[PDB]
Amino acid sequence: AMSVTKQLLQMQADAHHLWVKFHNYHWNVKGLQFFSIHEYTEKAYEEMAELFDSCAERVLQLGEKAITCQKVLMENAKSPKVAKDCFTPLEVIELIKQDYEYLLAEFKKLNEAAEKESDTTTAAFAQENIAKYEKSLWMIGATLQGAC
C-alpha cells in the first residue's frame, strides 16, 4: 500500500517543482507570442498548484503525511531541470512538451500502483490526468511540427 502513497508524494514534489518552473516560462518568455505563452503558462501553473494540493490530500485520506517542508519538496523533485531564465515561444512549448511527457509517464505509474491496490479513487484521479495530458501533448506536438 506504501507504493501508492509513495508515488502520490513523488507527484506532490514534482507538482511543486513544475509550479515554480512554469512561473519561469511565464515571466521570462520573449517574442511576438509573449502574451499567449504568458496566459498559457499561467493556466498551467494553476493546474500544478491544484495538482500539488490533490496529491497531498489524497495521501492524507490514505492515512499518510503529505510533505510540508520546502526542503523535502526540493530534494524529492525529479521532473526535468532547466537552467535558462530567458526563452523563445517555441523553446517554452518544447520544454512544456517534455514536462508534460514526464507527468504523463508518472500518472501511468500511479495508475499501475493504484491497480495493484484496488484503489479506484486514486486510479480515477490518475486516469483523468492521463486523458488530459495525452490530449494536450497531441496539440503541443502539432504546434512544434512542420507541415509535409
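So that there is no doubt, residue numbering starts at 1 and follows the sequence shown.
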property: Residue stretch of maximal mean CA temperature factor, 81 to 89 vs 28 to 36; result: 81 to 89
property: Per the entry, higher mean C-alpha B factor between 115 to 123 and 96 to 104; result: 115 to 123
property: Assigned third (lowest, middle, highest) for the C-alpha B factor of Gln61; result: highest
property: Chain thirds of CA B-factor: placement of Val4; result: lowest
property: Chain third (lowest, middle, highest) by recorded CA B-factor, residue given as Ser54; result: middle
property: Chain thirds of CA B-factor: placement of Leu110; result: middle
property: Record-listed C-alpha B factor of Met11: chain third; result: highest
